Each structure stands twice: as structure tokens, then as C-alpha cells.
Amino acid sequence: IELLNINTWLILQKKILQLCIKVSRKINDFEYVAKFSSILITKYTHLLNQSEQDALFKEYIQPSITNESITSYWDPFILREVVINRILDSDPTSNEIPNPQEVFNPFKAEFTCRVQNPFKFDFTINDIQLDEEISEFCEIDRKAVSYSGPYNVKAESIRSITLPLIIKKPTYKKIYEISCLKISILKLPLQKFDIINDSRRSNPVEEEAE
Amino acid sequence: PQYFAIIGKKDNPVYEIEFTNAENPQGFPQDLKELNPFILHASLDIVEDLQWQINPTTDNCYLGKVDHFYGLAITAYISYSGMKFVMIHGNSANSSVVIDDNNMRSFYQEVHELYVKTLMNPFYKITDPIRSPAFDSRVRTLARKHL
Amino acid sequence: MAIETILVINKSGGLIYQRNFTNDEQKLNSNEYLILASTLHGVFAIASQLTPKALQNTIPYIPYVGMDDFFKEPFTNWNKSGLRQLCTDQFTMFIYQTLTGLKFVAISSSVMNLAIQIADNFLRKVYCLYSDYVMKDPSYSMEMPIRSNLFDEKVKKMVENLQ
Amino acid sequence: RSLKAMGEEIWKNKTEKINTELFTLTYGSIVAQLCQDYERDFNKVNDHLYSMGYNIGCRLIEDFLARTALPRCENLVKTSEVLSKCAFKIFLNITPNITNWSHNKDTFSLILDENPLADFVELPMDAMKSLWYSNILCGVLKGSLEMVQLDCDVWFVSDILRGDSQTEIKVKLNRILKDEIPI
Amino acid sequence: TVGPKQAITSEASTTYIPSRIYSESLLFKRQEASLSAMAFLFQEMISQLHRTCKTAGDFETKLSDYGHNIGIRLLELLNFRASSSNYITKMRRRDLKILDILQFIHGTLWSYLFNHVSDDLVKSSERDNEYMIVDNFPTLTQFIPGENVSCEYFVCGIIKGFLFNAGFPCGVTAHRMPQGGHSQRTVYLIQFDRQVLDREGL
Amino acid sequence: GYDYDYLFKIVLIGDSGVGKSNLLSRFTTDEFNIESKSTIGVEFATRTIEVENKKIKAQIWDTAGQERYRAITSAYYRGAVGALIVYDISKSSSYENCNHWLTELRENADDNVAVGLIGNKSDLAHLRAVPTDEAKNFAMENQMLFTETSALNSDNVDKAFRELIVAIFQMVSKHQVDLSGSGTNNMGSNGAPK
């Protein structure tokens, strides 16, 4: 794997490290079969078929899933954007906060959320089927977290994640930004799966006790 | 069967074809999957070694049979930009490129004219494959009429 | 005939070029040239509007000024109701409007109709050097003084080829 | 004598001469980089080639009027006579003829036979609907004719680079506006 | 859909003759233009590259990229039409020594872009690994006033991409030496890299 | 020599007797060798400031209204890029045609201009013909810089000119990069071979 600059031509790079996966299977090394199964993510874009050795490669993934930590979720491109749209409760309370000289030259958001619930949506990059996720929640933030996680995701589609059902505690109105959440894709909770092409911010403040 | 490929500067391919006789329609039986790109990429290197030799192992464009491996000979052509037109020939018996050596020099020149004709498009960068429907007919009529 | 000072004024009043040729004196401070150029644009406007009971053909020739040359054939002018030539004792001022509106002013220290014929065949040969050496100039924006230094000794050679 | 025969004298002597293949290559380099830095937004590169070409024609009308000394054109059919026989014959080497005036001589069209700016181009498939390659002329003919105070508006309608029938350019001119005080 | 990089398409020989879709030509057909129509497009290169550039050096080395994408086209054309298609020839030498491609660029590239052959080709005698190419009149930069020579580099990128695609990795730099009555003499120095330098020794 | 970089022309326009010429003399170079006003009409005055390490030369052309020169004035707004409508707060009928001056000057000046609006003779503030808040509003929906000049204090009008040349500068500020010219090598004894 040093003779080809892997870490150009592409078919041979796929075929050599497919041989490396099969030799590390017959040896039954685990850390390299995890490593080359994880370094196949430079090339799932081209060169693959729609769920033939994606599933016959998932039978090489899932032994490394059932072992201890030897894969740790290869691709950090999951959730396109997150929307924290407060649902409609009532319009009775928005509960808000508050010539001599002098030349004039014409030439020269944050939320205050209430007791409602957000939205999430994402996609999986490749046609391995029935990828599953549980228990997505925020990072170092306040009480404003979700509860329940029974969801899968389909083959290629950009899938909704319904029912997040946020519950928060009131704070002071110090304006901080969140970006992403702690999402566990059928295994341990990995880190901030950040958004494509921009950080794609969100801006919360306190819950209104007024 | 015949295998033909245009190998770029960084060795990335830009045209990739086989064409074969109708007697064995599924050509290159259990070599096309697993040896046929390896012998090409392995034997780029003697073509690369022959690009700086004045006399071979006063034209320096056509190159002869440069490698012979399991009775498969390959032939090569080093263009002016350095895109090399290496092509593997396969048969039943010992194949001869010497019966076509006067002939298919005008197959390499008549595909180098097509490469020059698809270079002049300013939208065509280097290091991207030839996704041209015109190019396939323009190479396979040349392969049919002149072999 | 002769030329002693090239003045090139804009299509909007104030000048963009002047270069006194062998004047050897500075009667006017540089700032005055701007109010002179705007005064010539104003009287060029005024000399349109007074015209007597007229309301009714400027065809020069090739005299071989400057020593191949720039053109061969008789042509036309473009201004009729407008100032064309002032005449005094010390000097004589020619002026030449282009079609786009770009007047060229040539102050002449050789005094006393054929001077029009020899004059505008020089003032079109300065227009060809303007369109060849100032228009193809990406450092030169529009509506700006001519800060190019190639335009000076491309016209100096032709005027010392004249006189 | 006339405008058909006058421009080839200017084309015959004292026009400084260059090839056209370098001209095609150096246009093609500009439009390829303009594609690659605007992320294939092809209604933006038509705008940018328009805004590039509009600043050519204001510099070009003084060079044309100094190279030959025309009067102002009396009618819009003879603006088209200049743009046939003495505009593109001097600067380029092409004579694109005129067909298809309007019902009242308000528009016209300009059949361009061979283009000296696309000799090699086969444009890509995502640009096959939203790009006009030789848009630079539609910055020039908007530009230079605006300095003669003929406020025209000029677009492409069809071209052979798309795979259509013929390259033609529709000119529709609105007002003569106002001109320098002498006439 | 002819070469995807997903697969090599396997297709049998001796099929039918298909329809004919696009056919071009490649000989020179020496068609002229006016130098004003070249210089207007050259100043419209520079009138945008002045606008989208912050310092001088990145303006230098992205005015050079436009010349790079004429040089890598022109190298394959000029040898192929100088060795002369369906009027079948015997092909050119494919030159591979550094003063056999400098003679080719000196006598044929400048006689192709411009009407005249470039006048001189000067080795740097007091050292090695500099190779001057000069003229007496740069006919594209001749409408630029002043002295700064950044606007030169569109021609020098034509040189550099000529050699970078010829297997000779170099680097050009233009300078101005106003010798004699030629006030715009404008030397380019081609300056080859170190890693090429051993190879022509062996 | 001359050595400035750009040159703008800025018209002063208004009714007659609104006090434009006395406003012009106090804040800028004046009475250099200009013959006078009315002899040819529209006197020219010059002001030289610098913006953003570029030198700017501004020519101010105080238009003269005498009915006789009305045809002549039209041709003088051709190419005019900077503009200043002046009105006086004491008299009131100038403001009735100040909008007419703006309309005539939006016509045939340039593609885009930057028109200021200035209230002369605020020394007679008590004699206010028109309220300043109405003219301030009429400047606000016409994209105009608005000023009130005492005619005894030149600081206000001088500040207005500096900001007007800034807004008209960035409008025409052509991009510039560098003219350093430091790249020198290649001093050999020329073993040439052609």
C-alpha cells in the first residue's frame, strides 16, 4: 500500500487493497481489515455497484462492528442541516424583551424558545442497506436535548428524522452558537458530525420564563 | 483479443477499450478482470525507460514489441506531450505485430490525430477521461477497417 | 502648418493632455490650462448657437506629413456649427473635433485655408496615435489624465518630423 | 469606391497582422477559467462576458473611427452596411451578412457564416442549454454603437455551438438619444 | 457514456459502420486578424486580473496560467503539423535534448505566434542553468506604457507550459534590458530545475 | 507638472440669487485668472484633495441662470459626474423648482451621478422659508447628501465636499494593484548559439 500513493489510476487501487482485505482475512488480522475497510471511503464515489459487494463488503464490516472499537465511523458527512423550528402553541404571548451641519450620507436569528420541539434530517452516503442510529443529543449544552431513538436510514435517500421533542431549562440570554450533535450510528456515540460546505450555524438563547 | 489504452501523465487513464473477434465473443477469458490492467501498469515502466534512449534496446515515435509475457506482446507510442498509447495484443498462438507493423503505425498516427483533435477543446482539462460518444465510433471504425 | 503645443481635451470639458513643444517658457501655471480648456469647450458650445440666415465640403488630401503613413484618401469632418480655427498675431489656434466628441487643440506659432488642409491631416495623425497607444492601455481608465509615457515620444517624433 | 470595396484597401495595407488561432486559444482560455471559478453557473458567465465585452467597444469605436473616417449613418440599414462590409472586415476577417428585418425596420438579424472564435470548441453537456460561447461580440456591438448614441439592445438567439441551425444575432434599436453640440 | 472509470467497456470488433456526427479538420488555413483585435482582448485579460488580485505575485502567477493553457495545447499541434492525418506522413524526431527543443521553440514557436523568428538565444556563459531567450520587439506588450513587466507574463506562461508538458520542468522569469536603440528588448530567462539536470547527463 | 490621478467635474446648480457663488469662493481656491462669470457663463473653480493615497482634482462649475444661457447650460451638463443643488432657506420659490433641477440633472448628465443638496444662508435661520426636516426627508427618498451652510462657517460645506468626493470616488475607484518593478538577474558574457 506504499507502492501506490493511497493515503491517479483507481481500478488497481481498489483491486490491490481488496486483496489486502482478503489476505488480512485469511491471516485473521483484525486491525488491518478494519483499517482497509475504513480506507475504502476515498473510493465509494466511483467504481462500485449498487449493493452487491456493498452487502458482500458489509459482511466484512459487521465482524469489525461486533468486535471492540476497531472502526469508529469513517465518514464525517452526515446531516445537511438542522432546523429548530418552534411549533405553534398560541399567539397569546410572544414574551419578548425590550439641521446645523450634521452632513448625512445615504451612500455611506436568535430564538427565545418555548415548550415545543425541533427537527433533524440527514442522509447516508452509500448503498449499504438499513444503517441504524440511536440516541442523538447535544454536546456540552444545556437541558435542550432529545429523548427517543428508534430510527434507521435507507439506501441513498436524504431522510427525515422526526420526533426529536426537545425539553429545555431557562438560562440567561448569553448568545452562543451550536453547530452539531453527538450521534451514534449503530455503535458508540461519535463526535460532532459537522455540516457540509459551511458550518451552517444555529443560534439559540434562553427559554422565556415570562 | 485486443486491449488498447491511452495512459496519461500521472499514469491515470483517459481512454480504455478492448476489441476482439467474434469467434470468442467474451474476450480475454479470466485475464480481463485480473491481469490485463496489471501488465499495462507494470509495463509502463520500460516504455518510460525507452523515452530517454536515443536508440532502442531516427523516428522515436513508434516503438516495437516492447514486452512479451505469456505470449502476449505489447506495443507502444510515446506522444509529444507524453501520453503513451500502449496496447496489448492477444491471440491463441504466438501473436505477431510484425505482420501489422507497417500497418498499425497508421493506427497510432490516426488515433494521435484524434487525441490532438480532442485536445483543442478549451473546456477539456488534462487529467480527466474522454467522455465522448464521437470518440468511440472514431476509434472503432479505425479498428475495424485497419486492425 | 506648424505646431508648438498639443492640447487634448475631453468630451466633458477639462483637459487630459498638454505638452508645450520647445516653448522654453511657462507663462501659465499648470492649473490655468484647465480653465483654458473648459473655456474652449464653452465657446465651442456657444459658436454652434449663433449662425446667421444660413441653414444650407471639408475634403482634405494626403500631403505626406511625417518623415508608410497613416491614410491615403480624402475624408470628411464632423463639426459644422462649432469653432474651428482662431487666428491672432502671435499664434493661431487650430481645433479638431472627432465624431465621438474628443476635441484636439493645436496652438501654432506660425501665423498667416490651406493651413486647415495641412492642419487636420496632422490632427488626425495624432488621433490615430491616441487610438493606438492610449486606448489599448489597461492601466489607463477612462476619464483620467494621460499618464502614459509612450504617447509623448510617439508624437514628438512626428512633430519634429514636421518642423 | 463604396463601403463594400473600401474596407479591403484598409485590410490590404497598414493593418498590423496577427494569426487567428492564437485569438481562438486566448479566448478559449478566458472562458474556460470563467467556467471553472464560477462553479458552472452559466447564466453568470454570460453576464460576465457581457460586462467584459461592453468595455471593449468603448475603446474600439475610437480605433475604428480613426482608421476610417465615416460620417454618422443616416439610417439603420446602413449601420448594418457598416457592420457588414467595414466593421468585421477590418478588425476580424469575416463578412457576416444581414437578413430578416422587422415589419417596420425596428430589428434585424445577422447571419454569421464562420466564427473566428470557435474553431475547436465542443462545449460540455451542462453548458449545452445555459451558455452562449461567443457572447463577447454581444458586449462589443452593444458597446461601440452606444458611443454613436444608437441605443440598441443585442442578444443571441441561436448558434451552431449548441447544435442548432445557424449563428445569428438580433439587433433591436430604440432611441438616438442626444449627441455632442455640433453636427 | 464511452469511457466511464467504473469499467472498461468490452465491445466486439467488426460491427456496422455507424452514423457520422462531427468531423473536423486540422491543417493551418492561414487566416489573419488585426493587431487591435488582439490587443483589446489582451487588455481585457488584464483589466479583470487587476480587479480580482490582491498582491503582485499572485497576479503574476495567475496571469501565467492563461499562457499555460495555450502552451499545453500548442505543443501537440505544432510538431504534428510540422512533421507533415489521412495524408499519411513519417513522424517527427520527438526531441529530447535541451538545446534541441530550444532551437525548436526559437525557430518555430515564435515563427508561429508571431510572423518573424526570434532573433537570438543566449546561454548564460558565466554560470549554468540559466538560458536567455530574447527578441527586439514584444508585439503584445508594446501598447503597455511604463516599465513594470508583470503584463509580460502571459507570453512567458506560453513558454513554461510548453516545457512542463514536454517533460522538461522549468521556470521562466522575464526581465528588461534596454540595449541600444531597442528600448524594449525584454529577455526571458528559462531556468530549469535541479532534478531535470542529472538526467541529460545520463 | 500636473501629477494628479483623477479629475471629476461637479456642477453647482440652482435658481439665480440663491447664493451659490459666495458659497463657492469661501471654501475653495478661487479668482486664479478666471476672466469672470456671464461673459461665457458657468464660472469654473478648482479643488485638490487626496483620497485613499490617490490624488483627486475637482472642477466646480457654478451654472448661471439668465434665461439667455438656458440652451447653453444643457450642453454643459454633458459628462457631469458630481452635482450639488443649492437652495436658500430665506426665500421659498427656489424649492418649488429644486425638484425640477433634480429631474433635469438626472437627465443627460451621466449614467449615474451623486447629487448633494445644500441650504445656503442659515445665518438667517429665523427667516426659514421651508422647514429643514422636509428637505431632509426629500433628500432621504432621493439618495442625496444633505447639508445646512451658515455662510459664515466654512467647516460644514468643506466636510460635505470631502464626503461627496469619497462617495463619487468609490463609485469610479478603478482597481489598482502594484507598480513595484523589482525583478533583476542575468548579467552574463553571452555564449550565444543561434
# chains A, B, ... in the order shown; residues from 1 in each chain; ligands from 1

call {"tool": "interface_residues", "arguments": {"of": "chain D", "to": "chain E", "cutoff": "10 Å", "atoms": "only C-alpha atoms", "output": "VMD selection string"}}
result
chain D and resid 11 14 to 23 25 to 30 32 to 33 52 to 53 55 to 57 59 to 60 63 to 64 88 to 94 116 119 to 120 122 136

call {"tool": "interface_residues", "arguments": {"of": "chain E", "to": "chain A", "cutoff": "12 Å", "atoms": "only C-alpha atoms", "output": "number ranges by chain"}}
result
E: 4-8

call {"tool": "atom_distance", "arguments": {"atom1": "CA of residue 14 (chain F)", "atom2": "CA of residue 114 (chain F)"}}
result
15.7 Å

call {"tool": "residues_around", "arguments": {"residues": "residue 22 (chain A)", "least_positions_apart": "2", "cutoff": "12 Å", "atoms": "only C-alpha atoms", "output": "ChimeraX atom specification"}}
result
/A:15-20,24-30,32-34,36-37,57,60

call {"tool": "residues_around", "arguments": {"residues": "residue 164 (chain A)", "least_positions_apart": "5", "cutoff": "7 Å", "atoms": "only C-alpha atoms", "output": "ChimeraX atom specification"}}
result
/A:117-119,146-147

call {"tool": "write_last_selection", "arguments": {"atoms": "N, CA, C and O atoms", "output": "PDB file, in the first residue's frame"}}
result
ATOM      1  N   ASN A 117     -40.781  21.692  20.058  1.00  0.00           N
ATOM      2  CA  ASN A 117     -39.908  20.624  19.611  1.00  0.00           C
ATOM      3  C   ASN A 117     -39.258  20.829  18.252  1.00  0.00           C
ATOM      4  O   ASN A 117     -39.879  21.442  17.375  1.00  0.00           O
ATOM      5  N   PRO A 118     -38.004  20.360  18.045  1.00  0.00           N
ATOM      6  CA  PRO A 118     -37.262  20.670  16.820  1.00  0.00           C
ATOM      7  C   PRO A 118     -37.389  19.667  15.688  1.00  0.00           C
ATOM      8  O   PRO A 118     -38.384  18.947  15.585  1.00  0.00           O
ATOM      9  N   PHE A 119     -36.418  19.699  14.775  1.00  0.00           N
ATOM     10  CA  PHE A 119     -36.354  18.783  13.647  1.00  0.00           C
ATOM     11  C   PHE A 119     -34.910  18.458  13.300  1.00  0.00           C
ATOM     12  O   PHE A 119     -34.006  19.259  13.538  1.00  0.00           O
ATOM     13  N   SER A 146     -32.875  15.778  23.058  1.00  0.00           N
ATOM     14  CA  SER A 146     -33.926  14.896  22.576  1.00  0.00           C
ATOM     15  C   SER A 146     -34.125  13.731  23.547  1.00  0.00           C
ATOM     16  O   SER A 146     -33.445  13.628  24.569  1.00  0.00           O
ATOM     17  N   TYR A 147     -35.072  12.835  23.242  1.00  0.00           N
ATOM     18  CA  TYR A 147     -35.314  11.678  24.104  1.00  0.00           C
ATOM     19  C   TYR A 147     -35.125  10.324  23.431  1.00  0.00           C
ATOM     20  O   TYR A 147     -34.330   9.515  23.921  1.00  0.00           O
TER      21      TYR A 147
END

call {"tool": "residues_around", "arguments": {"residues": "residue 22 (chain F)", "least_positions_apart": "4", "cutoff": "10 Å", "atoms": "only C-alpha atoms", "output": "CSV table (one decimal) with N, CA and C atoms, in the first residue's frame"}}
result
chain,number,residue,atom,x,y,z
F,18,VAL,N,-29.8,82.5,-5.3
F,18,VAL,CA,-29.8,81.7,-4.1
F,18,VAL,C,-28.5,81.6,-3.3
F,26,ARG,N,-15.6,81.1,-0.6
F,26,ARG,CA,-15.0,80.9,0.7
F,26,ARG,C,-14.3,79.5,0.9
F,27,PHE,N,-14.8,78.4,0.4
F,27,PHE,CA,-14.2,77.1,0.7
F,27,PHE,C,-13.2,76.6,-0.3
F,120,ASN,N,-28.0,77.1,1.7
F,120,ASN,CA,-27.2,78.3,1.9
F,120,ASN,C,-28.0,79.3,2.8
F,151,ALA,N,-22.7,80.0,5.9
F,151,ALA,CA,-22.1,81.1,5.0
F,151,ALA,C,-21.2,81.9,5.8

call {"tool": "residues_around", "arguments": {"residues": "residue 142 (chain D)", "least_positions_apart": "3", "cutoff": "7 Å", "atoms": "only C-alpha atoms", "output": "PyMOL selection string"}}
result
chain D and resi 54+138-139+145-146+152-154

call {"tool": "closest_atom_pairs", "arguments": {"of": "chain F", "to": "chain C", "cutoff": "8 Å", "atoms": "only C-alpha atoms", "output": "Markdown table"}}
result
| residue | atom | partner | partner_atom | distance |
| --- | --- | --- | --- | --- |
| F:1 | CA | C:30 | CA | 6.7 |
| F:2 | CA | C:30 | CA | 6.4 |
| F:4 | CA | C:145 | CA | 8.0 |
| F:5 | CA | C:144 | CA | 6.8 |
| F:6 | CA | C:144 | CA | 5.2 |
| F:7 | CA | C:144 | CA | 6.1 |
| F:32 | CA | C:32 | CA | 7.7 |
| F:33 | CA | C:32 | CA | 7.2 |
| F:34 | CA | C:35 | CA | 7.1 |
| F:40 | CA | C:42 | CA | 7.1 |
| F:44 | CA | C:35 | CA | 6.6 |
| F:72 | CA | C:46 | CA | 6.8 |
| F:75 | CA | C:45 | CA | 7.2 |
| F:76 | CA | C:42 | CA | 7.7 |
| F:78 | CA | C:12 | CA | 6.3 |
| F:79 | CA | C:12 | CA | 4.9 |
| F:80 | CA | C:12 | CA | 7.1 |
| F:174 | CA | C:141 | CA | 7.1 |

call {"tool": "write_last_selection", "arguments": {"atoms": "N, CA, C and O atoms", "output": "PDB file, in the first residue's frame"}}
result
ATOM      1  N   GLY F   1       4.726  69.604 -12.539  1.00  0.00           N
ATOM      2  CA  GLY F   1       3.952  69.237 -13.710  1.00  0.00           C
ATOM      3  C   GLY F   1       2.463  69.286 -13.451  1.00  0.00           C
ATOM      4  O   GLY F   1       1.919  70.337 -13.119  1.00  0.00           O
ATOM      5  N   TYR F   2       1.795  68.144 -13.615  1.00  0.00           N
ATOM      6  CA  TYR F   2       0.386  68.022 -13.273  1.00  0.00           C
ATOM      7  C   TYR F   2       0.154  67.011 -12.161  1.00  0.00           C
ATOM      8  O   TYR F   2      -0.461  67.346 -11.146  1.00  0.00           O
ATOM      9  N   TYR F   4      -1.631  64.735 -10.847  1.00  0.00           N
ATOM     10  CA  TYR F   4      -2.793  64.203 -10.154  1.00  0.00           C
ATOM     11  C   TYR F   4      -3.256  62.926 -10.849  1.00  0.00           C
ATOM     12  O   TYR F   4      -2.812  62.593 -11.950  1.00  0.00           O
ATOM     13  N   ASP F   5      -4.162  62.199 -10.201  1.00  0.00           N
ATOM     14  CA  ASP F   5      -4.590  60.916 -10.739  1.00  0.00           C
ATOM     15  C   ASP F   5      -5.949  60.989 -11.421  1.00  0.00           C
ATOM     16  O   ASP F   5      -6.054  60.651 -12.597  1.00  0.00           O
ATOM     17  N   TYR F   6      -6.989  61.421 -10.724  1.00  0.00           N
ATOM     18  CA  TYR F   6      -8.297  61.537 -11.349  1.00  0.00           C
ATOM     19  C   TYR F   6      -8.736  62.993 -11.397  1.00  0.00           C
ATOM     20  O   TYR F   6      -8.211  63.848 -10.683  1.00  0.00           O
ATOM     21  N   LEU F   7      -9.744  63.258 -12.226  1.00  0.00           N
ATOM     22  CA  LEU F   7     -10.298  64.601 -12.373  1.00  0.00           C
ATOM     23  C   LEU F   7     -11.803  64.486 -12.556  1.00  0.00           C
ATOM     24  O   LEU F   7     -12.267  63.986 -13.583  1.00  0.00           O
ATOM     25  N   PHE F  32      -8.351  82.660  -9.548  1.00  0.00           N
ATOM     26  CA  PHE F  32      -6.960  82.470 -10.050  1.00  0.00           C
ATOM     27  C   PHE F  32      -6.756  83.461 -11.201  1.00  0.00           C
ATOM     28  O   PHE F  32      -6.221  84.561 -10.959  1.00  0.00           O
ATOM     29  N   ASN F  33      -7.097  83.067 -12.429  1.00  0.00           N
ATOM     30  CA  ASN F  33      -7.057  84.041 -13.555  1.00  0.00           C
ATOM     31  C   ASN F  33      -8.365  83.941 -14.343  1.00  0.00           C
ATOM     32  O   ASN F  33      -8.371  84.341 -15.524  1.00  0.00           O
ATOM     33  N   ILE F  34      -9.426  83.426 -13.713  1.00  0.00           N
ATOM     34  CA  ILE F  34     -10.715  83.230 -14.438  1.00  0.00           C
ATOM     35  C   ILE F  34     -11.169  84.602 -14.938  1.00  0.00           C
ATOM     36  O   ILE F  34     -11.098  85.567 -14.149  1.00  0.00           O
ATOM     37  N   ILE F  40     -18.961  84.250 -20.474  1.00  0.00           N
ATOM     38  CA  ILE F  40     -19.204  82.992 -21.241  1.00  0.00           C
ATOM     39  C   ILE F  40     -20.250  82.187 -20.467  1.00  0.00           C
ATOM     40  O   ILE F  40     -20.878  81.290 -21.069  1.00  0.00           O
ATOM     41  N   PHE F  44     -15.691  78.482 -13.667  1.00  0.00           N
ATOM     42  CA  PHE F  44     -15.053  77.208 -13.239  1.00  0.00           C
ATOM     43  C   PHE F  44     -14.100  77.462 -12.066  1.00  0.00           C
ATOM     44  O   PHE F  44     -13.289  78.403 -12.153  1.00  0.00           O
ATOM     45  N   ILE F  72     -27.525  76.914 -23.616  1.00  0.00           N
ATOM     46  CA  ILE F  72     -26.068  76.646 -23.416  1.00  0.00           C
ATOM     47  C   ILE F  72     -25.864  75.725 -22.205  1.00  0.00           C
ATOM     48  O   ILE F  72     -25.025  74.807 -22.305  1.00  0.00           O
ATOM     49  N   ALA F  75     -25.967  71.713 -22.706  1.00  0.00           N
ATOM     50  CA  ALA F  75     -24.727  71.120 -23.191  1.00  0.00           C
ATOM     51  C   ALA F  75     -23.658  71.080 -22.105  1.00  0.00           C
ATOM     52  O   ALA F  75     -22.774  70.222 -22.153  1.00  0.00           O
ATOM     53  N   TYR F  76     -23.700  71.997 -21.134  1.00  0.00           N
ATOM     54  CA  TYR F  76     -22.688  71.950 -20.078  1.00  0.00           C
ATOM     55  C   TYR F  76     -22.932  70.877 -19.028  1.00  0.00           C
ATOM     56  O   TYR F  76     -22.015  70.595 -18.254  1.00  0.00           O
ATOM     57  N   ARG F  78     -23.381  67.831 -19.902  1.00  0.00           N
ATOM     58  CA  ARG F  78     -22.947  66.604 -20.558  1.00  0.00           C
ATOM     59  C   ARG F  78     -21.652  66.110 -19.933  1.00  0.00           C
ATOM     60  O   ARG F  78     -20.686  66.865 -19.814  1.00  0.00           O
ATOM     61  N   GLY F  79     -21.642  64.853 -19.509  1.00  0.00           N
ATOM     62  CA  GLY F  79     -20.481  64.292 -18.855  1.00  0.00           C
ATOM     63  C   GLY F  79     -20.306  64.670 -17.402  1.00  0.00           C
ATOM     64  O   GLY F  79     -19.300  64.279 -16.801  1.00  0.00           O
ATOM     65  N   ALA F  80     -21.246  65.409 -16.819  1.00  0.00           N
ATOM     66  CA  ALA F  80     -21.111  65.889 -15.450  1.00  0.00           C
ATOM     67  C   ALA F  80     -21.347  64.751 -14.479  1.00  0.00           C
ATOM     68  O   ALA F  80     -22.382  64.086 -14.535  1.00  0.00           O
ATOM     69  N   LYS F 174     -11.284  52.759  -9.804  1.00  0.00           N
ATOM     70  CA  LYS F 174     -10.814  51.623 -10.639  1.00  0.00           C
ATOM     71  C   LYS F 174      -9.808  50.811  -9.821  1.00  0.00           C
ATOM     72  O   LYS F 174      -8.982  51.429  -9.121  1.00  0.00           O
TER      73      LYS F 174
END

call {"tool": "residues_around", "arguments": {"residues": "residue 111 (chain C)", "least_positions_apart": "2", "cutoff": "10 Å", "atoms": "only C-alpha atoms", "output": "list in words"}}
result
residues 1, 2, 87, 88, 89, 90, 91, 92, 93, 108, 109 and 115 of chain C

call {"tool": "interface_residues", "arguments": {"of": "chain B", "to": "chain D", "cutoff": "9 Å", "atoms": "only C-alpha atoms", "output": "short mmCIF file (atom, residue, chain, number, x, y, z; two decimals) with N, CA and C atoms, in the first residue's frame"}}
result
data_model
loop_
_atom_site.label_atom_id
_atom_site.label_comp_id
_atom_site.auth_asym_id
_atom_site.auth_seq_id
_atom_site.Cartn_x
_atom_site.Cartn_y
_atom_site.Cartn_z
N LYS B 117 -7.14 16.31 -31.91
CA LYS B 117 -8.44 16.92 -32.18
C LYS B 117 -9.32 17.03 -30.94
N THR B 118 -9.13 16.17 -29.94
CA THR B 118 -9.87 16.38 -28.70
C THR B 118 -9.06 17.11 -27.65
N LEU B 119 -7.83 17.50 -27.95
CA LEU B 119 -7.11 18.37 -27.04
C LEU B 119 -7.48 19.83 -27.20
N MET B 120 -7.93 20.23 -28.38
CA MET B 120 -8.04 21.65 -28.67
C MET B 120 -9.30 22.28 -28.11
N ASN B 121 -10.20 21.49 -27.58
CA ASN B 121 -11.34 22.00 -26.85
C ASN B 121 -10.82 22.66 -25.58
N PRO B 122 -11.08 23.95 -25.36
CA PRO B 122 -10.56 24.60 -24.16
C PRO B 122 -11.29 24.20 -22.89
N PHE B 123 -12.47 23.62 -23.00
CA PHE B 123 -13.16 23.09 -21.84
C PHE B 123 -12.58 21.78 -21.35
N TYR B 124 -11.76 21.12 -22.17
CA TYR B 124 -11.16 19.85 -21.80
C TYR B 124 -9.87 20.14 -21.05
#

call {"tool": "select_by_dssp", "arguments": {"residues": "region 14-161 of chain C", "states": "alpha helix (DSSP H)", "output": "ChimeraX atom specification"}}
result
/C:30-49,114-123,125-133,152-161

call {"tool": "interface_residues", "arguments": {"of": "chain C", "to": "chain E", "cutoff": "12 Å", "atoms": "only C-alpha atoms", "output": "PyMOL selection string"}}
result
chain C and resi 129-141+146-154

call {"tool": "write_last_selection", "arguments": {"atoms": "C-alpha atoms", "output": "PDB file, in the first residue's frame"}}
result
ATOM      1  CA  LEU C 129      -1.701  57.597 -32.158  1.00  0.00           C
ATOM      2  CA  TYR C 130      -4.266  58.311 -29.457  1.00  0.00           C
ATOM      3  CA  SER C 131      -6.450  55.412 -30.543  1.00  0.00           C
ATOM      4  CA  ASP C 132      -3.455  53.120 -30.927  1.00  0.00           C
ATOM      5  CA  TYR C 133      -1.449  53.902 -27.801  1.00  0.00           C
ATOM      6  CA  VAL C 134      -3.908  55.110 -25.135  1.00  0.00           C
ATOM      7  CA  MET C 135      -6.996  53.049 -25.914  1.00  0.00           C
ATOM      8  CA  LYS C 136      -5.119  49.760 -25.610  1.00  0.00           C
ATOM      9  CA  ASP C 137      -3.911  50.504 -22.111  1.00  0.00           C
ATOM     10  CA  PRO C 138      -5.477  48.696 -19.133  1.00  0.00           C
ATOM     11  CA  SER C 139      -3.716  50.938 -16.642  1.00  0.00           C
ATOM     12  CA  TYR C 140      -5.486  53.847 -18.357  1.00  0.00           C
ATOM     13  CA  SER C 141      -9.030  54.104 -17.100  1.00  0.00           C
ATOM     14  CA  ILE C 146      -2.986  60.697 -19.980  1.00  0.00           C
ATOM     15  CA  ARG C 147      -0.264  59.453 -17.656  1.00  0.00           C
ATOM     16  CA  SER C 148       1.260  57.190 -20.308  1.00  0.00           C
ATOM     17  CA  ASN C 149       4.859  57.895 -21.249  1.00  0.00           C
ATOM     18  CA  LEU C 150       4.794  56.143 -24.601  1.00  0.00           C
ATOM     19  CA  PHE C 151       2.356  58.665 -26.067  1.00  0.00           C
ATOM     20  CA  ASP C 152       4.827  61.522 -25.558  1.00  0.00           C
ATOM     21  CA  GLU C 153       7.716  60.222 -27.656  1.00  0.00           C
ATOM     22  CA  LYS C 154       5.439  58.709 -30.187  1.00  0.00           C
TER      23      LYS C 154
END

call {"tool": "interface_residues", "arguments": {"of": "chain A", "to": "chain F", "cutoff": "7 Å", "atoms": "only C-alpha atoms", "output": "number ranges by chain"}}
result
A: 99-101, 103-107
